[PDB]
Amino acid sequence: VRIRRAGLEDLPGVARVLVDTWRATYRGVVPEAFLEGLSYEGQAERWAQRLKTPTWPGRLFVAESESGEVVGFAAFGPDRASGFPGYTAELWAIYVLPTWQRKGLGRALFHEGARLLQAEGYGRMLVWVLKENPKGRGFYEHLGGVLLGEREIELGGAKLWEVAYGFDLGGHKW
């Protein structure tokens, strides 16, 4: 496929990948009410307003099938509030459609977004992952992202623990 940045016309598609991949991944880990509480439209909105904001450093990428379907998705940007000095930007989200997993699209999406952040000259990057997600965690280790620490969060009222993986975005060659 082709990994590319995305505009507003991509959002709807990005939305389906988010919700569909969320539901198919966190079910049994995140309360069903939450997942069933996810929305295609509202989600599109979420990424909608943010795209339309000159002051927003966010960078969105999108995997595109030969058909032209948005199947992959990743968003990068300035570390929100991680709290790990040296780590300037973080990978906010990244999801590949279940039927498109184990195809490379995840590292594809990953590199593109890192290089961009690398080019824009960012120090280091970090991604917050869930622990009851040995799959995801496995991924970022295939990439080298070393462990920083954990964190208690809350989804659908559930208390989940996240874990961060740091990536030298500087001199490192991506």
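Residues numbered from 1 in each chain as written, not as in the entry; some residues may be left out. Heavy atoms only, no water.

- For this entry, the PDB record names X-ray crystallography as the structure determination method and reports a resolution of 2.80 Å.

1. A closer look at the UniProt feature "binding site: acetyl-CoA" (unreviewed entry) in the protein chain
Here is step 1: As recorded in UniProt, the sites labelled "binding site: acetyl-CoA" (unreviewed entry) are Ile94, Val96, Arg102, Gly104, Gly106, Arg107, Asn133, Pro134, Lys135 and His142.
Here is step 2: Residue position: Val96 is located in strand β4 (residues 89-96).
Here is step 3: Those residues in contact with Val96 that lie beyond four places of it in its chain are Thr21, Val71, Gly72, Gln101, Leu105, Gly106 and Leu109.
Here is step 4: As for its placement among the helices and strands, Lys135 is situated in helix α5 (residues 134-142). (UniProt positions renumbered as here; feature names shortened; annotations may be inferred. Helix = DSSP H or I, 4+ residues; strand = E, 2+ residues; numbered from the N terminus. Contact = heavy atoms within 4.5 Å.)

2. With respect to the packing of aromatic side chains
Here is step 1: The full count for this structure, using the stated rule, is 15 aromatic pairs.
Here is step 2: Seen from their ring centres, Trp22 and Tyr26 are 4.4 Å apart, and the 50° between their planes marks the pair as tilted. Placement of both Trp22 and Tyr26 in helix α1 (residues 11-26) is noted, with a separation of four residues, approximately one turn of the helix. The pair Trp22 / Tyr26 is uniform in exposure class, with both members buried.
Here is step 3: Taken together, the aromatic side chains of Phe110, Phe139, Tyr140, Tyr165, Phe167 and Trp174 make up a single cluster linked through ring pairs.
Here is step 4: One cation-aromatic arrangement involves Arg50 over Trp47; the distance from NZ or CZ to the ring centre is 3.8 Å.
Here is step 5: Note that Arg151 overlies the ring of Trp128, its terminal NZ or CZ placed 3.4 Å from the centroid. (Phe/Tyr/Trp six-rings, centres within 6.5 Å; stacked < 30°, edge-to-face > 60°. Buried < 20%, exposed > 50% of the residue type's maximum accessible area, 1.4 Å probe, protein only. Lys NZ or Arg CZ within 6 Å of the ring centre and 35° of its normal.)

3. Description of α1
Since the α-helix turns once every 3.6 residues, residues separated by three or four places project in the same direction.
Here is step 1: The end-to-end C-alpha distance of α1, which contains 16 residues, comes to 22 Å, matching closely the 22 Å that a straight helix rising 1.5 Å per residue would cover.
Here is step 2: Among the residues of α1, those classed as buried are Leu11, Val14, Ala15, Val17, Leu18, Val19, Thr21, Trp22, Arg23 and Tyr26.
Here is step 3: A positive backbone phi angle near 80° is found at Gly28, which sits one or two residues after α1. (Expected span 1.5 Å × (residues − 1).)

4. What about the sheet that holds strand β5 (residues 124-130)?
Here is step 1: Spatially, β1-β2-β3-β4-β5-β7-β6 is the arrangement adopted by the seven strands of the open sheet, whose pairing is mixed. Each edge of the open sheet is held by one strand with a lone partner, namely β1 (2-5) and β6 (146-155). This sheet shows a mean twist of 25° between the axes of neighbouring strands, independent of strand direction.
Here is step 2: Note that β1 and strand β2 (residues 59-64) share four bridges and pair antiparallel. Bridged to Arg2 within β2 is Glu64. (Pairing = 2+ DSSP bridges. Axes fitted to C-alpha atoms, helices over the stretch in contact; angles between N-to-C directions.)

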